[PDB]
$ cat query-v9.pdb   # PDB, C-alpha atoms (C1' of nucleotides)
ATOM      1  CA  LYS A   1     114.772 100.784 166.078  1.00  0.00           C
ATOM      2  CA  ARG A   2     116.139 103.881 167.904  1.00  0.00           C
ATOM      3  CA  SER A   3     112.699 105.518 167.457  1.00  0.00           C
ATOM      4  CA  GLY A   4     109.206 104.429 168.436  1.00  0.00           C
ATOM      5  CA  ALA A   5     105.862 105.430 169.849  1.00  0.00           C
ATOM      6  CA  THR A   6     105.749 104.663 173.620  1.00  0.00           C
ATOM      7  CA  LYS A   7     103.184 101.907 173.961  1.00  0.00           C
ATOM      8  CA  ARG A   8     101.236 101.637 177.196  1.00  0.00           C
ATOM      9  CA  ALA A   9     102.628  99.638 180.095  1.00  0.00           C
ATOM     10  CA  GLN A  10     100.218  96.748 179.723  1.00  0.00           C
ATOM     11  CA  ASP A  11     100.687  96.518 175.951  1.00  0.00           C
ATOM     12  CA  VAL A  12     104.194  95.041 176.358  1.00  0.00           C
ATOM     13  CA  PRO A  13     103.901  91.269 176.947  1.00  0.00           C
ATOM     14  CA  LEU A  14     107.587  90.550 177.745  1.00  0.00           C
ATOM     15  CA  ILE A  15     107.275  86.768 177.572  1.00  0.00           C
ATOM     16  CA  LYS A  16     105.209  86.185 174.456  1.00  0.00           C
ATOM     17  CA  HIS A  17     108.163  84.728 172.596  1.00  0.00           C
ATOM     18  CA  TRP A  18     108.595  82.157 175.362  1.00  0.00           C
ATOM     19  CA  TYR A  19     105.507  80.266 174.287  1.00  0.00           C
ATOM     20  CA  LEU A  20     105.348  81.355 170.661  1.00  0.00           C
ATOM     21  CA  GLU A  21     108.468  79.241 170.203  1.00  0.00           C
ATOM     22  CA  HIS A  22     108.607  75.524 170.903  1.00  0.00           C
ATOM     23  CA  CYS A  23     108.452  74.206 174.428  1.00  0.00           C
ATOM     24  CA  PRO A  24     111.822  73.454 176.022  1.00  0.00           C
ATOM     25  CA  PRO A  25     112.411  69.721 176.398  1.00  0.00           C
ATOM     26  CA  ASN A  26     112.150  67.628 179.559  1.00  0.00           C
ATOM     27  CA  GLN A  27     109.472  69.743 181.071  1.00  0.00           C
ATOM     28  CA  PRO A  28     106.682  68.307 183.241  1.00  0.00           C
ATOM     29  CA  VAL A  29     103.264  67.659 181.777  1.00  0.00           C
ATOM     30  CA  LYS A  30     101.559  70.687 183.285  1.00  0.00           C
ATOM     31  CA  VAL A  31     104.165  73.064 181.871  1.00  0.00           C
ATOM     32  CA  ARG A  32     103.754  71.639 178.374  1.00  0.00           C
ATOM     33  CA  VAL A  33      99.994  71.990 178.656  1.00  0.00           C
ATOM     34  CA  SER A  34     100.403  75.589 179.811  1.00  0.00           C
ATOM     35  CA  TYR A  35     102.580  76.417 176.811  1.00  0.00           C
ATOM     36  CA  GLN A  36     100.030  74.873 174.475  1.00  0.00           C
ATOM     37  CA  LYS A  37      97.042  76.639 176.057  1.00  0.00           C
ATOM     38  CA  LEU A  38      98.654  80.065 175.940  1.00  0.00           C
ATOM     39  CA  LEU A  39      99.550  79.452 172.307  1.00  0.00           C
ATOM     40  CA  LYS A  40      95.941  78.457 171.634  1.00  0.00           C
ATOM     41  CA  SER A  41      94.643  81.692 173.106  1.00  0.00           C
ATOM     42  CA  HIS A  42      97.090  83.693 170.994  1.00  0.00           C
ATOM     43  CA  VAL A  43      96.077  81.847 167.834  1.00  0.00           C
ATOM     44  CA  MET A  44      92.403  82.509 168.500  1.00  0.00           C
ATOM     45  CA  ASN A  45      93.202  86.177 169.074  1.00  0.00           C
ATOM     46  CA  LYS A  46      95.015  86.467 165.747  1.00  0.00           C
ATOM     47  CA  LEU A  47      92.418  84.536 163.772  1.00  0.00           C
ATOM     48  CA  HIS A  48      89.619  86.952 164.692  1.00  0.00           C
TER      49      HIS A  48
ATOM     50  CA  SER B   1      94.209  64.970 164.899  1.00  0.00           C
ATOM     51  CA  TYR B   2      97.662  63.633 164.065  1.00  0.00           C
ATOM     52  CA  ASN B   3      98.653  60.990 161.516  1.00  0.00           C
ATOM     53  CA  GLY B   4      95.119  59.644 161.628  1.00  0.00           C
ATOM     54  CA  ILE B   5      95.284  58.764 165.331  1.00  0.00           C
ATOM     55  CA  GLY B   6      93.040  60.378 167.909  1.00  0.00           C
ATOM     56  CA  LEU B   7      89.597  61.779 168.289  1.00  0.00           C
ATOM     57  CA  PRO B   8      88.549  65.202 166.977  1.00  0.00           C
ATOM     58  CA  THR B   9      87.902  66.669 170.406  1.00  0.00           C
ATOM     59  CA  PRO B  10      88.111  65.266 173.949  1.00  0.00           C
ATOM     60  CA  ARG B  11      84.791  66.898 174.837  1.00  0.00           C
ATOM     61  CA  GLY B  12      81.977  64.390 174.935  1.00  0.00           C
ATOM     62  CA  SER B  13      84.155  61.476 176.036  1.00  0.00           C
ATOM     63  CA  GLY B  14      85.103  60.656 179.586  1.00  0.00           C
ATOM     64  CA  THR B  15      88.755  60.766 178.535  1.00  0.00           C
ATOM     65  CA  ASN B  16      91.392  63.439 178.094  1.00  0.00           C
ATOM     66  CA  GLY B  17      92.641  62.112 174.773  1.00  0.00           C
ATOM     67  CA  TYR B  18      96.402  61.645 175.132  1.00  0.00           C
ATOM     68  CA  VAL B  19      97.070  58.980 172.546  1.00  0.00           C
ATOM     69  CA  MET B  20     100.257  56.999 173.175  1.00  0.00           C
ATOM     70  CA  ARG B  21     102.564  54.999 170.980  1.00  0.00           C
ATOM     71  CA  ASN B  22     101.925  51.279 171.125  1.00  0.00           C
ATOM     72  CA  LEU B  23     105.425  50.532 172.496  1.00  0.00           C
ATOM     73  CA  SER B  24     104.693  46.870 171.753  1.00  0.00           C
ATOM     74  CA  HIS B  25     104.132  47.136 168.001  1.00  0.00           C
ATOM     75  CA  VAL B  26     106.147  44.540 166.097  1.00  0.00           C
ATOM     76  CA  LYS B  27     108.045  46.488 163.419  1.00  0.00           C
ATOM     77  CA  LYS B  28     109.212  43.594 161.238  1.00  0.00           C
ATOM     78  CA  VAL B  29     121.136  32.930 126.020  1.00  0.00           C
ATOM     79  CA  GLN B  30     119.495  33.360 122.608  1.00  0.00           C
ATOM     80  CA  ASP B  31     117.630  30.360 121.185  1.00  0.00           C
ATOM     81  CA  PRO B  32     117.660  31.497 117.496  1.00  0.00           C
ATOM     82  CA  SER B  33     121.381  31.651 116.687  1.00  0.00           C
ATOM     83  CA  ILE B  34     120.168  32.966 113.316  1.00  0.00           C
ATOM     84  CA  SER B  35     120.331  36.314 115.118  1.00  0.00           C
ATOM     85  CA  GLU B  36     124.118  36.002 115.363  1.00  0.00           C
ATOM     86  CA  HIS B  37     124.250  34.548 111.851  1.00  0.00           C
ATOM     87  CA  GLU B  38     122.376  37.523 110.387  1.00  0.00           C
ATOM     88  CA  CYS B  39     124.524  39.950 112.375  1.00  0.00           C
ATOM     89  CA  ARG B  40     127.592  38.282 110.860  1.00  0.00           C
ATOM     90  CA  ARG B  41     126.104  38.532 107.363  1.00  0.00           C
ATOM     91  CA  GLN B  42     125.377  42.223 107.950  1.00  0.00           C
ATOM     92  CA  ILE B  43     128.918  42.904 109.173  1.00  0.00           C
ATOM     93  CA  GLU B  44     130.233  41.061 106.119  1.00  0.00           C
ATOM     94  CA  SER B  45     128.093  43.346 103.947  1.00  0.00           C
ATOM     95  CA  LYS B  46     129.550  46.362 105.744  1.00  0.00           C
ATOM     96  CA  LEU B  47     133.048  44.985 105.140  1.00  0.00           C
ATOM     97  CA  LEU B  48     132.047  44.792 101.470  1.00  0.00           C
ATOM     98  CA  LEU B  49     131.039  48.459 101.622  1.00  0.00           C
ATOM     99  CA  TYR B  50     134.405  49.228 103.240  1.00  0.00           C
ATOM    100  CA  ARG B  51     136.127  47.497 100.318  1.00  0.00           C
ATOM    101  CA  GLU B  52     133.938  49.550  97.969  1.00  0.00           C
ATOM    102  CA  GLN B  53     135.289  52.675  99.670  1.00  0.00           C
ATOM    103  CA  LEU B  54     138.800  51.307  99.158  1.00  0.00           C
ATOM    104  CA  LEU B  55     137.910  50.800  95.486  1.00  0.00           C
ATOM    105  CA  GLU B  56     136.777  54.430  95.241  1.00  0.00           C
ATOM    106  CA  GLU B  57     140.057  55.589  96.790  1.00  0.00           C
ATOM    107  CA  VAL B  58     141.955  53.433  94.290  1.00  0.00           C
ATOM    108  CA  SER B  59     139.815  55.066  91.596  1.00  0.00           C
ATOM    109  CA  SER B  60     140.937  58.490  92.827  1.00  0.00           C
ATOM    110  CA  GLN B  61     144.541  57.276  92.661  1.00  0.00           C
ATOM    111  CA  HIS B  62     143.872  56.056  89.106  1.00  0.00           C
ATOM    112  CA  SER B  63     142.420  59.461  88.197  1.00  0.00           C
ATOM    113  CA  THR B  64     145.522  61.171  89.590  1.00  0.00           C
ATOM    114  CA  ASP B  65     147.782  58.830  87.605  1.00  0.00           C
ATOM    115  CA  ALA B  66     145.785  59.467  84.417  1.00  0.00           C
ATOM    116  CA  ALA B  67     146.014  63.227  84.979  1.00  0.00           C
ATOM    117  CA  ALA B  68     149.766  62.880  85.540  1.00  0.00           C
ATOM    118  CA  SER B  69     150.111  60.907  82.297  1.00  0.00           C
ATOM    119  CA  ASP B  70     148.179  63.644  80.491  1.00  0.00           C
ATOM    120  CA  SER B  71     150.502  66.232  82.058  1.00  0.00           C
ATOM    121  CA  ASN B  72     153.509  64.201  80.887  1.00  0.00           C
ATOM    122  CA  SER B  73     138.453  64.855  86.413  1.00  0.00           C
ATOM    123  CA  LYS B  74     137.375  61.794  88.417  1.00  0.00           C
ATOM    124  CA  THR B  75     137.735  58.221  87.138  1.00  0.00           C
ATOM    125  CA  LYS B  76     136.731  54.726  88.269  1.00  0.00           C
ATOM    126  CA  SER B  77     139.240  51.899  88.724  1.00  0.00           C
ATOM    127  CA  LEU B  78     137.069  48.854  87.933  1.00  0.00           C
ATOM    128  CA  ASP B  79     133.380  48.990  87.047  1.00  0.00           C
ATOM    129  CA  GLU B  80     132.529  45.309  87.562  1.00  0.00           C
ATOM    130  CA  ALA B  81     135.691  43.191  88.049  1.00  0.00           C
ATOM    131  CA  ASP B  82     135.703  44.342  91.669  1.00  0.00           C
ATOM    132  CA  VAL B  83     132.426  42.435  91.927  1.00  0.00           C
ATOM    133  CA  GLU B  84     134.317  39.289  90.855  1.00  0.00           C
ATOM    134  CA  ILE B  85     137.016  39.849  93.475  1.00  0.00           C
ATOM    135  CA  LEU B  86     134.071  40.361  95.844  1.00  0.00           C
ATOM    136  CA  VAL B  87     132.804  36.960  94.666  1.00  0.00           C
ATOM    137  CA  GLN B  88     136.184  35.548  95.693  1.00  0.00           C
ATOM    138  CA  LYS B  89     135.611  37.239  99.051  1.00  0.00           C
ATOM    139  CA  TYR B  90     132.219  35.521  99.325  1.00  0.00           C
ATOM    140  CA  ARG B  91     133.892  32.183  98.586  1.00  0.00           C
ATOM    141  CA  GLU B  92     136.571  32.789 101.233  1.00  0.00           C
ATOM    142  CA  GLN B  93     134.050  33.838 103.883  1.00  0.00           C
ATOM    143  CA  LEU B  94     131.817  30.851 103.083  1.00  0.00           C
ATOM    144  CA  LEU B  95     134.874  28.631 103.555  1.00  0.00           C
ATOM    145  CA  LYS B  96     135.520  30.387 106.874  1.00  0.00           C
ATOM    146  CA  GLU B  97     131.935  29.774 108.023  1.00  0.00           C
ATOM    147  CA  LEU B  98     132.198  26.109 107.033  1.00  0.00           C
ATOM    148  CA  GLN B  99     135.459  25.743 108.969  1.00  0.00           C
ATOM    149  CA  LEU B 100     133.949  27.464 112.013  1.00  0.00           C
ATOM    150  CA  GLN B 101     130.905  25.176 111.917  1.00  0.00           C
ATOM    151  CA  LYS B 102     133.303  22.231 111.675  1.00  0.00           C
ATOM    152  CA  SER B 103     135.161  23.505 114.750  1.00  0.00           C
ATOM    153  CA  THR B 104     131.977  23.836 116.832  1.00  0.00           C
TER     154      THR B 104
ATOM    155  CA  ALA C   1      96.942  69.026 165.414  1.00  0.00           C
ATOM    156  CA  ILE C   2     100.675  69.675 165.256  1.00  0.00           C
ATOM    157  CA  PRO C   3     101.790  67.761 168.361  1.00  0.00           C
ATOM    158  CA  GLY C   4     103.265  70.820 170.051  1.00  0.00           C
ATOM    159  CA  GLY C   5     100.465  73.187 169.116  1.00  0.00           C
ATOM    160  CA  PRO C   6      96.866  73.931 170.012  1.00  0.00           C
ATOM    161  CA  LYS C   7      93.821  71.754 169.485  1.00  0.00           C
ATOM    162  CA  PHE C   8      90.478  73.217 168.451  1.00  0.00           C
ATOM    163  CA  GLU C   9      87.015  72.007 167.526  1.00  0.00           C
ATOM    164  CA  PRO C  10      86.459  70.402 164.118  1.00  0.00           C
ATOM    165  CA  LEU C  11      84.899  73.433 162.333  1.00  0.00           C
ATOM    166  CA  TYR C  12      83.452  70.993 159.796  1.00  0.00           C
ATOM    167  CA  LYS C  13      81.245  68.206 161.115  1.00  0.00           C
ATOM    168  CA  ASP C  14      79.935  67.126 157.679  1.00  0.00           C
ATOM    169  CA  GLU C  15      81.702  63.795 157.181  1.00  0.00           C
ATOM    170  CA  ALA C  16      78.808  61.332 157.532  1.00  0.00           C
ATOM    171  CA  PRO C  17      78.365  58.488 155.038  1.00  0.00           C
ATOM    172  CA  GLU C  18      75.697  60.466 153.168  1.00  0.00           C
ATOM    173  CA  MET C  19      77.291  59.284 149.922  1.00  0.00           C
ATOM    174  CA  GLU C  20      77.271  55.719 151.355  1.00  0.00           C
ATOM    175  CA  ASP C  21      79.984  54.979 148.780  1.00  0.00           C
ATOM    176  CA  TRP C  22      83.735  54.566 149.138  1.00  0.00           C
ATOM    177  CA  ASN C  23      83.718  56.041 145.583  1.00  0.00           C
ATOM    178  CA  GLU C  24      86.161  53.359 144.299  1.00  0.00           C
ATOM    179  CA  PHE C  25      88.659  56.228 144.195  1.00  0.00           C
ATOM    180  CA  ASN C  26      90.584  56.254 147.474  1.00  0.00           C
ATOM    181  CA  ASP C  27      90.588  52.457 147.680  1.00  0.00           C
ATOM    182  CA  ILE C  28      93.783  50.597 148.536  1.00  0.00           C
ATOM    183  CA  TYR C  29      93.428  48.441 145.430  1.00  0.00           C
ATOM    184  CA  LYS C  30      94.647  51.132 143.008  1.00  0.00           C
ATOM    185  CA  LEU C  31      97.099  52.991 145.247  1.00  0.00           C
ATOM    186  CA  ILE C  32     100.888  52.766 145.413  1.00  0.00           C
ATOM    187  CA  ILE C  33     101.965  52.899 149.051  1.00  0.00           C
ATOM    188  CA  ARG C  34     105.460  54.312 149.456  1.00  0.00           C
ATOM    189  CA  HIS C  35     105.417  56.418 152.638  1.00  0.00           C
ATOM    190  CA  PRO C  36     102.616  57.482 154.977  1.00  0.00           C
ATOM    191  CA  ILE C  37     101.158  60.922 154.324  1.00  0.00           C
ATOM    192  CA  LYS C  38     101.834  62.702 157.595  1.00  0.00           C
ATOM    193  CA  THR C  39      99.772  65.678 158.675  1.00  0.00           C
ATOM    194  CA  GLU C  40     102.829  67.877 158.276  1.00  0.00           C
ATOM    195  CA  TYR C  41     102.390  67.286 154.564  1.00  0.00           C
ATOM    196  CA  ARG C  42      98.712  68.205 154.808  1.00  0.00           C
ATOM    197  CA  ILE C  43      99.663  71.475 156.502  1.00  0.00           C
ATOM    198  CA  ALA C  44     102.691  72.450 154.424  1.00  0.00           C
ATOM    199  CA  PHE C  45     100.883  71.961 151.087  1.00  0.00           C
ATOM    200  CA  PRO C  46      97.230  72.245 152.069  1.00  0.00           C
ATOM    201  CA  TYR C  47      95.788  72.287 148.559  1.00  0.00           C
ATOM    202  CA  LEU C  48      97.575  69.202 147.228  1.00  0.00           C
TER     203      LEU C  48
ATOM    204  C1'   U D   1     116.797  48.914 159.354  1.00  0.00           C
ATOM    205  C1'   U D   2     117.957  53.543 164.264  1.00  0.00           C
ATOM    206  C1'   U D   3     114.297  57.258 168.018  1.00  0.00           C
ATOM    207  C1'   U D   4     110.604  60.106 170.088  1.00  0.00           C
ATOM    208  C1'   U D   5     106.793  63.354 170.944  1.00  0.00           C
ATOM    209  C1'   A D   6      99.945  64.091 171.772  1.00  0.00           C
ATOM    210  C1'   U D   7      97.345  64.932 179.129  1.00  0.00           C
ATOM    211  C1'   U D   8      88.896  67.015 178.849  1.00  0.00           C
ATOM    212  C1'   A D   9      87.519  68.753 183.561  1.00  0.00           C
ATOM    213  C1'   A D  10      87.120  72.237 187.965  1.00  0.00           C
ATOM    214  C1'   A D  11      81.444  77.148 190.863  1.00  0.00           C
ATOM    215  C1'   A D  12      77.286  80.126 192.294  1.00  0.00           C
ATOM    216  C1'   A D  13      71.943  81.670 192.636  1.00  0.00           C
ATOM    217  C1'   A D  14      66.612  79.916 192.420  1.00  0.00           C
ATOM    218  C1'   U D  15      63.777  75.520 192.206  1.00  0.00           C
ATOM    219  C1'   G D  16      64.763  73.442 197.572  1.00  0.00           C
ATOM    220  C1'   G D  17      62.510  73.946 201.980  1.00  0.00           C
ATOM    221  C1'   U D  18      61.552  77.824 209.911  1.00  0.00           C
ATOM    222  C1'   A D  19      54.531  79.467 203.591  1.00  0.00           C
ATOM    223  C1'   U D  20      51.528  83.342 204.855  1.00  0.00           C
ATOM    224  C1'   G D  21      47.503  87.449 206.117  1.00  0.00           C
ATOM    225  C1'   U D  22      45.927  90.403 209.662  1.00  0.00           C
ATOM    226  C1'   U D  23      46.705  94.486 212.729  1.00  0.00           C
ATOM    227  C1'   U D  24      46.221 102.211 217.754  1.00  0.00           C
ATOM    228  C1'   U D  25      40.044 108.077 217.761  1.00  0.00           C
ATOM    229  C1'   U D  26      41.203 116.383 217.698  1.00  0.00           C
ATOM    230  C1'   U D  27      35.886 119.413 218.021  1.00  0.00           C
ATOM    231  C1'   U D  28      29.363 117.845 215.600  1.00  0.00           C
ATOM    232  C1'   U D  29      24.333 120.507 218.084  1.00  0.00           C
TER     233        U D  29
END
$ encode --input "query-v9.pdb" --output "structure tokens"
Amino acid sequence: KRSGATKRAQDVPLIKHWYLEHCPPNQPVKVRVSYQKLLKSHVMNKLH
Amino acid sequence: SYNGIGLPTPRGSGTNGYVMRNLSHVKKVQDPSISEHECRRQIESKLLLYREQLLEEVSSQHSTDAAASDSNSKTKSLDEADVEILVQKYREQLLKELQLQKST
Amino acid sequence: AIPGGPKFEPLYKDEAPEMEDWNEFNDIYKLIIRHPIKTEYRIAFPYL
RNA sequence: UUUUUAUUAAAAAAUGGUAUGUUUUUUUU
């Protein structure tokens, strides 16, 4: 950009793209479930 | 929930879902020669038409010769005698068919 | 459910046999099977 | 004909278990 509007500190997620993308392979079960659950919360947020 | 396998929601069942692949699924001439005869008759008729074209070309040559003799329009070489030479052609081709039937 | 994505509740529980009829429409008898219709097809072209 | 991927949960209060109701004034003339 080079020009913006100075969001608040808590309005910058910093890792949202980590779970918006696909899960990396060979991860344990709990990590895959965590990716999926965070994605589910985001989808519910966008739907409403 | 996926490819027709699974339950709509794991709530209400004592399970977590988690469908698995089976991992043990067994993934296993012509009878009426008159056709050829009629085709031969048709091609003979077309050969006759070809000879009629040759007759027309000879007629053009005759017209040119008549015009040259006048110098010393369009004319026709033979009105019906070509049909008699065609009759000779019919006789020759009938002889050829008889010989071919003799050979077979 | 896309197998890497979230899973929600049905949102439409009206699928009982109220018609009580297979409708002689979706029956195997009059259907050419070539390849299975995956759910990816049902999501990519939802109206067809 | 070669390969797969899919993982619900989850703790606190009151019911529920040492009821409850009572209980000390400065004038007469």
$ interface_residues --input "query-v9.pdb" --of "chain D" --to "chain A" --cutoff "12 Å" --atoms "only C-alpha atoms (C1' of nucleotides)" --output "list in words"
residues 4, 5, 6 and 7 of chain D
$ resolve_selection --input "query-v9.pdb" --expression "the PyMOL selection byres ((chain B) within 10 of (chain D))" --output "ChimeraX atom specification"
/B:1-2,5-6,9-21,27-28
$ atom_distance --input "query-v9.pdb" --atom1 "CA of residue 7 in chain C" --atom2 "CA of residue 33 in chain C"
29.0 Å
$ resolve_selection --input "query-v9.pdb" --expression "the PyMOL selection byres ((chain C) within 12 of (chain D))" --output "number ranges by chain"
C: 1-7
$ atom_distance --input "query-v9.pdb" --atom1 "CA of residue 24 in chain C" --atom2 "CA of residue 12 in chain C"
23.6 Å
$ atom_distance --input "query-v9.pdb" --atom1 "CA of residue 37 in chain A" --atom2 "CA of residue 47 in chain C"
27.9 Å
